[PDB]
Amino acid sequence: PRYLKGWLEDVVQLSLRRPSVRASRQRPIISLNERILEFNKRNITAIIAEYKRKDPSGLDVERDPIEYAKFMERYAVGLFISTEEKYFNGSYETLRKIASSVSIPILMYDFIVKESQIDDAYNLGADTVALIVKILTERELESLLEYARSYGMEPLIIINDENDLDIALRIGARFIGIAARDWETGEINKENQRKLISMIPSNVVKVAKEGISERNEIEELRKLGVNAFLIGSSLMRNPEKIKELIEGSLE
């Protein structure tokens, strides 16, 4: 991994030691990026809903994850399931049970630093994974991306600054997440997020992460080329907020 400090250094070391699984996959691989493009063509707003028990920038929520996932099948273009143990309070078993219960695309969100974690994603039923430019060297990124593609997955490559965006394009990313949140401070900068979005080629499937809360914002970002929208904590607390984001409101 790259030179790191603080919590990211900690989580990378934890992830290096994550035990692999021998679960067996019992669903096909269905493309999240392709379903996003389908929604775009159908003029249906594409929201990727997150399941996460905890986020370092949020409070813990203890809800039934299966009940949540099945609700989101009605609305979401896919699910983003957080499996990191220490900071996201996650579990491989939660991913496995949700995957066993739904038919929409699932991204396993964790700090992927070794090939066995991609094996884990496949074996547990996730359709794809995220790779994080902040923590992986160019060489690791390219290797893990190639490895994931060998399973037939298309990873979401997550960036939050210009140099990391260049690296994402350099390594051959086709599916990019533009995060508004700073990894170190937790601060949100939407001006930066939009600047990055404006620099991405049209043929890349683009997902905005963080800072999305209103239909108006979503439509603004669609016009700027964003294809889909990751929305997590807001929905973890009030799932029905997704209705207005997709359908508009009477209110």
Compute the distance from the alpha-carbon center of region 101-178 to that of region 1-71, in whole Å. 11
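In debye, nearest 20: dipole of region 121-228 around its Cα centre with unit charges on the Cβ of K, R (+) and D, E (-)? Could the numbers behind the result be given before it?
Numbers: 14 positive and 19 negative charges, 71 e Å.
For region 121-228, the charge dipole is close to 340 debye.
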Using Cβ contacts closer than 10 Å as the measure, can you line up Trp7, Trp183 from fewest to most? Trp7, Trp183
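Quick check on my link table: of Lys5/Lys41; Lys52/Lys190; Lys5/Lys97; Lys97/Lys206; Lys114/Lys241, which ones sit more than 32 Å apart, alpha carbon to alpha carbon?
In this structure, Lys5/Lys41; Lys5/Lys97; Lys114/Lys241 exceed 32 Å between Cα atoms.
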Charge dipole (debye, nearest 20) of region 1-41; +1 at Cβ of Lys and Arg, -1 at Cβ of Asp and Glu: 180
Here the relative contact order (percent) of region 85-211, from C-alpha pairs under 8 Å and at least 6 apart, is 17
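For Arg42, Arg25, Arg237, what's the fewest-to-most ordering of other Cβ within 10 Å of each Cβ? Before the final figure, lay out each step's value.
On the way: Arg42 9, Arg25 15, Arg237 12.
The most exposed by this proxy come first: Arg42, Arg237, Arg25.
Given a cut-off of under 8 Å on Cα pairs at least six residues apart, what relative contact order in percent is computed for the chain? Mind dumping the intermediate values first?
Values: 455 pairs, mean separation 51.7, N = 251.
Relative contact order of the chain: 21 percent.
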Kyte-Doolittle cut-off 1.0, length cut-off 20 Å along the helix's own axis using Cα: show which whole DSSP H helices in the chain pass. none
Mind checking region 1-99 for GluC sites (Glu not before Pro) that DSSP puts in a loop (not H, G, I, E or B) and that have at most 11 other Cβ atoms within 10 Å? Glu62
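Throughout, read-outs are computed from the coordinates displayed, never taken from laboratory work. No Cβ is skipped: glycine too gets one built from the backbone with ideal geometry, and neighbour counts run over all protein chains shown.
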